[PDB]
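**Q** My questions will all concern the structure given below.
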Amino acid sequence: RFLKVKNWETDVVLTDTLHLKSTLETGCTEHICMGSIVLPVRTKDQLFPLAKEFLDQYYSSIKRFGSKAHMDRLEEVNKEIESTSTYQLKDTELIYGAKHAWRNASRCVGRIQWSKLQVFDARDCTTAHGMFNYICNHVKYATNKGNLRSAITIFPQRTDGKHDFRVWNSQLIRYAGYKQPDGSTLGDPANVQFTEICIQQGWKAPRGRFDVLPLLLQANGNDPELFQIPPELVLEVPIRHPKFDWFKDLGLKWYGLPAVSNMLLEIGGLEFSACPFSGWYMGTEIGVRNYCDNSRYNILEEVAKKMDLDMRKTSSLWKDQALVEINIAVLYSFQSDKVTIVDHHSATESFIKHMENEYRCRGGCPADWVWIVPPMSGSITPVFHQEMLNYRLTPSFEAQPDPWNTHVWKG
Amino acid sequence: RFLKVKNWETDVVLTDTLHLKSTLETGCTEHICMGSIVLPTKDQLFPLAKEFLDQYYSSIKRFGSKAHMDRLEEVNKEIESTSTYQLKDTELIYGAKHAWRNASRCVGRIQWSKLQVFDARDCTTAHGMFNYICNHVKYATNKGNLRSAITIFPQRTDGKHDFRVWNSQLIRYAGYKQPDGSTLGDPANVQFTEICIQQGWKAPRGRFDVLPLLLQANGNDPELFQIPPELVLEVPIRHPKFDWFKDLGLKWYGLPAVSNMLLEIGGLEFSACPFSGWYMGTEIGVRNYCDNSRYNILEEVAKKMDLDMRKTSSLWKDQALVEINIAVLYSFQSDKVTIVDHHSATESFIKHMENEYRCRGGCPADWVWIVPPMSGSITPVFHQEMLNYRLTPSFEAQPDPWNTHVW
Ligand code: HEM
Ligand code: HEM
Ligand SMILES: Cc1cc(N)nc(C[C@@H]2CNC[C@@H]2OCCNCCc2cccc(F)c2)c1
Ligand SMILES: Cc1cc(N)nc(C[C@@H]2CNC[C@@H]2OCCNCCc2cccc(F)c2)c1
Ligand SMILES: C[C@H](O)[C@H](O)[C@H]1CNc2nc(N)[nH]c(=O)c2N1
Ligand SMILES: C[C@H](O)[C@H](O)[C@H]1CNc2nc(N)[nH]c(=O)c2N1
């Protein structure tokens, strides 16, 4: 069967055949669309099929589908599974899986880059100190003094689900949140809870607006340990504006490395519950969301004040006006410091080209419109006018319950 | 079976139950989500009729009463005997309003209950249709103080006697293909302008030429009419700061009046049913003025502002886009034509979801269309999970009449 997506700006119509390789469910039914819902331990029995599907895909990709090497490897895996009930991926298969998980990440506008991922194999890691060292090396490699390189570090897979490796932080580098008795928050409101768990674990909180959280790391299902990232490894950019000289006095800065640490990498039915990855930012993540969400640093008011916009009527578009200048500032600051960043116009155009190529070479590109369209200026970016089909391929990056909610404390 | 919607900004969680009463099919499956796709008999009619009359008598707190039972029989006897049935005025008023209430793509639904309904089921000709439409335009416009309204022409019979308004809105601007290679006026209406000129319209061949109506009565051949110009309230576009803006020659019409949709009440189909409310500012400024395929004025405006167009990252598109929308809002306000901005529109809709969840058990909403095409995440709708599903009565898209009609 065939499915067609149209672009309403260009009239270019594409045909998706790839969605036929999608078994996982979406949340949607014929009666209900759940496209805007954010969140819509395995037997031998169910494992070998997932391994088989994965290794036929790997083997196809390297042009060895049906070979001896292929067959011997299905045999090898079959056996390991029957014997130990799990299996180990070869290096080449890990690399290929992590890549394809990114490539299948339908909420990711940054996929043109999918083939260039640096993979760090951390499957020999046994302790939370081991993890810290791996994570520092990752932060350092990826940061590359501002010339950011995408990377993922991959720690041991789930076994019995009682010995999980996890990174309690939701990103490797994130700023502390601090709820005050007056009810106001100091720093980043999104990190209040995790900030509490850190303090409670023994972290001495500086209690500033931009305190870099400590890494909180679980190995082998043990209680997580605290570590501090070397400050020299944390690239930050102070935010200033090109025309507006008062902007710097607002006191804003941001870290340069976006590094998602709370997702689960599924490859060949195996579950990699610590797999922190990173690329570089698109400017709007910081300037629209991080700075201007009501439940984040919420600086829109303070910025429109300085600009002396008319704030007595929403219809002065004062918020929209401040929004743009802040985003100008983020982009200006990173560029002046030579820290890789991409604006939303350029990122969305690149994504359109990626997507079309993917249709040609692969027979499709799953894409989640709700997330692909940037949180500002949506319709003046080409992704707005692009129909997209959203569906789950493996390998894949999934959300997973936060570990403070599940962890069984040893003490 | 009981679904939860979360707001990620306020942590408010609502529980939807209205969706189990959903009847039409969405486009999505267990395997594939089509949320972002624009267009995803006697025995047939009686359950549809019943389903509808059941909800109606439930709305007037008379469910199961004799008045209810009597109607259900009357309609049954009419279907069996005539192949169709006729709605009571009260059922018609209720259906129209409820179709609006159910429009999952409409951010404006807090207003749903004040729909003025014009019963045009007694219309027989295209001239009749023209009178009714001019009357709708004038009532709804109201010297600038716009009032939501819909006019309903006779329902489909054997499907070869359809009433249609060929325009996609009652008031739109002509599209002309130029020897230059470019387009004059509104590129979205080239096809339709050709058709009008084919039927014999003297086109002024300007930029903001108000289209002629093409009215199909009783499945006949459509005829041309000009809306009296004094009925079409238009707004010249200026900016509170920028002196030069006005010299772009921009204007827009006050009354958005969707006229190509099909209204389904209780299995009966009303294929000509233009309705109008009023504009949310982003509709004109962001979409009509700025879309590559529309009036596409970003380039021109950026130059008058003298911003660095050398590179995307200066956000010059974004800068000009804002001020274009300031101008639209300011201009409508200065002329006292109702318009609403996207902040206020979305805020109002969040209030309207809460009331609907509290009062009806839910609210079908299509996030893709609800979120303004500019500044999404600073509007509250961005952070609101919504569930999209199809309830009836409904407004539905339908094929352009020219693809279908035979002369
Ligand atoms: C070139 C650098 C990249 C850019 C500019 C980029 C851009 C983005 C953006 C803007 C989002 C959504 C933003 C948000 O709301 O959080 C996103 C989501 C995502 N990205 Fe990328 N990304 C990049 C690299 C990567 C890498 C290296 C991976 C992993 C290999 C990745 C995997 C994902 C996943 C799994 C999501 C969904 C996130 C979630 O569900 O919370 N991205 N990306
Ligand atoms: C009075 C203030 C109103 C506001 C502010 C408003 C706002 C909107 C907006 C922004 C859209 C998005 C569609 C687009 O951007 O093209 C929309 C769509 C829609 N509205 Fe409303 N509207 C209003 C009145 C009405 C009325 C009176 C009706 C029906 C009687 C209605 C029914 C619909 C329907 C059916 C759609 C979807 C049309 C389509 O699929 O193209 N609205 N509305
Ligand atoms: C509840 C929930 C579910 C889910 N899947 N995800 C979340 C993370 C939220 C989404 N929106 C804000 C925050 O996301 C913050 C992390 N976003 C970074 C994506 C990115 C960009 C560039 C390079 C990269 F390597 C990665 C929360
Ligand atoms: C192909 C196709 C399908 C569809 N459902 N719709 C279209 C009209 C396009 C879509 N999106 C913009 C334009 O529609 C024109 C603007 N729509 C007006 C909605 C509205 C607003 C305020 C008051 C009202 F009474 C009505 C085309
Ligand atoms: C409810 C809604 O799906 C939610 O707010 C989404 C909308 N789109 C988004 N898009 C991105 N990139 N990141 C987000 O966190 C969200 N939030
Ligand atoms: C592809 C996508 O469905 C299409 O661009 C939609 C997105 N959201 C929209 N939302 C509204 N209100 N109006 C539109 O015309 C569109 N276009």
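**Q** Just checking, which of B:377, B:348, B:394 is polar (S, T, N, Q), within 16 Å of ligand 6 (Cβ to nearest atom) and more than 10 Å from chain A (Cβ to nearest Cβ)? Before the answer, list the steps.
**A** Numbers: B:377 fails: more than 10 Å from chain A (Cβ to nearest Cβ); B:394 fails: within 16 Å of ligand 6 (Cβ to nearest atom).
Going through B:377, B:348, B:394 in turn, just one is polar (S, T, N, Q), within 16 Å of ligand 6 (Cβ to nearest atom) and more than 10 Å from chain A (Cβ to nearest Cβ): B:348.
**Q** Separate question: Please specify each residue of the stretch B:263-303 satisfying the condition of being under 30 Å from residue B:242 (Cβ atoms) and among the hydrophobic types (A, V, I, L, M, F, W, C).
**A** Taking the stretch B:263-303 first, the residues under 30 Å from residue B:242 (Cβ atoms) are B:277-303.
Of everything in the stretch B:263-303, those that are under 30 Å from residue B:242 (Cβ atoms) and among the hydrophobic types (A, V, I, L, M, F, W, C) turn out to be B:278, B:280, B:284, B:286, B:290, B:297, B:298, B:301, B:302.
**Q** Within the stretch A:365-376, take every residue that is away from ligand 2 (no atom under 16 Å from the Cβ) and part of a loop (DSSP other than H, G, I, E, B) and give me the one that is surrounded by the fewest Cβ atoms within 10 Å (Cβ to Cβ).
**A** Among residues in the stretch A:365-376 that are away from ligand 2 (no atom under 16 Å from the Cβ) and part of a loop (DSSP other than H, G, I, E, B), the one surrounded by the fewest Cβ atoms within 10 Å (Cβ to Cβ) is A:368.
**Q** Next question. Looking at (1) crowded, with 16+ Cβ neighbours inside 10 Å; (2) farther than 15 Å from residue B:395 by Cα; (3) β-branched (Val, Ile, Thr), can you tell me which one residue B:152 breaks?
**A** The single condition residue B:152 does not satisfy is (2).
**Q** Kindly indicate whether any position in the stretch B:352-364 is more than 8 Å from chain A (Cβ to nearest Cβ), within 13 Å of ligand 2 (Cβ to nearest atom) and surrounded by fewer than 23 Cβ atoms within 10 Å (Cβ to Cβ).
**A** Residues of the stretch B:352-364 more than 8 Å from chain A (Cβ to nearest Cβ): B:352-364.
Okay, now just the ones that are also within 13 Å of ligand 2 (Cβ to nearest atom), so B:352, B:364.
In the following step, the residues that additionally are surrounded by fewer than 23 Cβ atoms within 10 Å (Cβ to Cβ) were identified as B:352.
Checking the stretch B:352-364: at least one residue is more than 8 Å from chain A (Cβ to nearest Cβ), within 13 Å of ligand 2 (Cβ to nearest atom) and surrounded by fewer than 23 Cβ atoms within 10 Å (Cβ to Cβ).
**Q** Hey, any hits in the stretch A:325-336 for a residue that's within 10 Å of chain B (Cβ to nearest Cβ), of a type outside the set (A, V, I, L, M, F, W, C) and under 19 Å from residue B:376 (Cβ atoms)?
**A** yes
**Q** OK, next. Cβ-Cβ under 7 Å, sequence separation 6+ or interchain: first residue in the stretch A:265-294 and more than 14 Å from every other protein chain (Cβ to nearest Cβ), partner away from ligand 4 (no atom under 16 Å from the Cβ) and basic (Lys, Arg). Which pairs?
**A** Once the first residue is more than 14 Å from every other protein chain (Cβ to nearest Cβ) and sits in the stretch A:265-294, its partners that are away from ligand 4 (no atom under 16 Å from the Cβ) and basic (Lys, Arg) give A:269/A:42; A:271/A:158; A:273/A:158; A:273/A:166; A:274/A:166.
**Q** While we're looking at this one, here's another question. Quick check on residue A:348: is it polar (S, T, N, Q) and away from ligand 2 (no atom under 16 Å from the Cβ)? Please lay out each step first, then the result.
**A** Values: polar (S, T, N, Q): yes; away from ligand 2 (no atom under 16 Å from the Cβ): yes.
Here the answer is yes, as residue A:348 does meet what is asked.
**Q** Considering only the stretch A:295-319, how many residues are closer than 18 Å to residue A:175 by Cβ and facing chain B (nearest Cβ under 10 Å)?
**A** So the first thing to find is which residues in the stretch A:295-319 are closer than 18 Å to residue A:175 by Cβ, and the list is A:295-299, A:302.
Subset that is facing chain B (nearest Cβ under 10 Å): A:295-296.
The total comes to 2.
**Q** For residue A:343, all conditions in the list (1) among the charged types (D, E, K, R); (2) under 25 Å from residue B:298 (Cα atoms); (3) surrounded by fewer than 18 Cβ atoms within 10 Å (Cβ to Cβ) hold save one; what is the number of the exception?
**A** With respect to (1) among the charged types (D, E, K, R); (2) under 25 Å from residue B:298 (Cα atoms); (3) surrounded by fewer than 18 Cβ atoms within 10 Å (Cβ to Cβ), residue A:343 is out only on (3).
**Q** Could you please give the count of residues in the stretch A:333-356 that are farther than 13 Å from residue B:312 by Cβ and assigned to a helix (DSSP H, G or I)? Show your work before the answer.
**A** Residues of the stretch A:333-356 that are farther than 13 Å from residue B:312 by Cβ, as a first pass: A:333-334, A:336-340, A:351-356.
Applying the additional criterion that residues be assigned to a helix (DSSP H, G or I) yields A:333-334, A:336-337, A:351-356.
Count: 10.
**Q** Also, quick follow-up: Whether any residue in the stretch A:286-304 is among the polar types (S, T, N, Q), away from ligand 2 (no atom under 16 Å from the Cβ) and within 25 Å of residue A:395 (Cα to Cα) is what I want to check. Write out each step before concluding.
**A** Here is the first cut: in the stretch A:286-304, the residues among the polar types (S, T, N, Q) are A:290, A:294-295, A:298.
Restricting the remaining residues to those that are away from ligand 2 (no atom under 16 Å from the Cβ) gives A:290, A:294-295, A:298.
Now drop any that are not within 25 Å of residue A:395 (Cα to Cα), which leaves none.
Within the stretch A:286-304 (the criterion being among the polar types (S, T, N, Q), away from ligand 2 (no atom under 16 Å from the Cβ) and within 25 Å of residue A:395 (Cα to Cα)), the answer is no, since none of the residues qualifies.
**Q** Let me confirm something: among A:264, A:270, A:252, A:226, which residue is within 16 Å of ligand 3 (Cβ to nearest atom) and hydrophobic (A, V, I, L, M, F, W, C)? Quick ask: steps written out before the conclusion?
**A** Values: A:270 fails: within 16 Å of ligand 3 (Cβ to nearest atom); A:252 fails: within 16 Å of ligand 3 (Cβ to nearest atom); A:226 fails: within 16 Å of ligand 3 (Cβ to nearest atom).
Of the residues listed, the single one that is within 16 Å of ligand 3 (Cβ to nearest atom) and hydrophobic (A, V, I, L, M, F, W, C) is A:264.
**Q** Follow-up question, since we're still on this one. Cβ-Cβ distance below 7 Å, separation of 6 or more or different chains: which pairs start in the stretch A:202-226 with a residue that is within 16 Å of residue A:132 (Cα to Cα) and end on one that is small (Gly, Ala, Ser)?
**A** Within 7 Å, the pairs are A:213/A:176; A:217/A:128; A:218/A:128; A:219/A:128; A:219/A:130; A:224/A:128; A:225/A:128; A:226/A:202.
**Q** Across the stretch B:57-92, what is the total count of residues that are among the β-branched types (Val, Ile, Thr) and either outside any helix (DSSP H, G or I) or within 30 Å of residue B:368 (Cβ to Cβ) (or both)? If you could, list the steps in order and put the result at the bottom.
**A** Filtering the stretch B:57-92 for residues among the β-branched types (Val, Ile, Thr) gives B:60, B:75, B:79, B:82, B:84, B:90.
Cutting the leftovers down to either outside any helix (DSSP H, G or I) or within 30 Å of residue B:368 (Cβ to Cβ) (or both) gives us B:60, B:84.
Qualifying residue count, the stretch B:57-92: 2.
**Q** For the stretch A:50-68, give me each residue that is surrounded by 12 or more Cβ atoms within 10 Å (Cβ to Cβ) and either of a type outside the set (S, T, N, Q) or within 14 Å of chain B (Cβ to nearest Cβ) (or both).
**A** The answer is A:50, A:51, A:52, A:53, A:54, A:55, A:56, A:58, A:59, A:62, A:64, A:65.
**Q** Provide a single number: the residues in the stretch A:17-44 that are facing chain B (nearest Cβ under 8 Å) and either among the polar types (S, T, N, Q) or touching a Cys at 6+ places or on another chain (Cβ under 6 Å) (or both).
**A** 9
**Q** Report, by residue number, each residue of the stretch B:276-315 that is part of a helix (DSSP H, G or I), within 16 Å of ligand 6 (Cβ to nearest atom) and hydrophobic (A, V, I, L, M, F, W, C).
**A** From the stretch B:276-315, those part of a helix (DSSP H, G or I) are B:281-290, B:298-305, B:312-314; that's our starting set.
Filter again for within 16 Å of ligand 6 (Cβ to nearest atom), leaving B:281-290.
Scanning the stretch B:276-315 gives B:284, B:286, B:290.
**Q** Still on this structure, I have one more. Please return the ranges of strands (runs of 3 or more DSSP E) entirely within the stretch A:162-258 where 3 or more residues are under 20 Å from residue A:337 (Cβ atoms).
**A** Working: elements: A:177-179, A:185-187, A:215-218, A:225-227, A:236-238, A:253-255.
Fully inside the stretch A:162-258 and qualifying: A:236-238, A:253-255.
**Q** For the condition away from chain B (no Cβ under 14 Å) and either part of a helix (DSSP H, G or I) or of a type outside the set (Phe, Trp, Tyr) (or both), what is the one hit in A:14, A:47?
**A** Values: A:14 fails: away from chain B (no Cβ under 14 Å).
Answer to the check: A:47.
All Cβ positions, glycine included, derive from the backbone under ideal geometry; neighbour counts span all protein chains shown. FYI, it's all coordinate maths here, none of it is from the lab.
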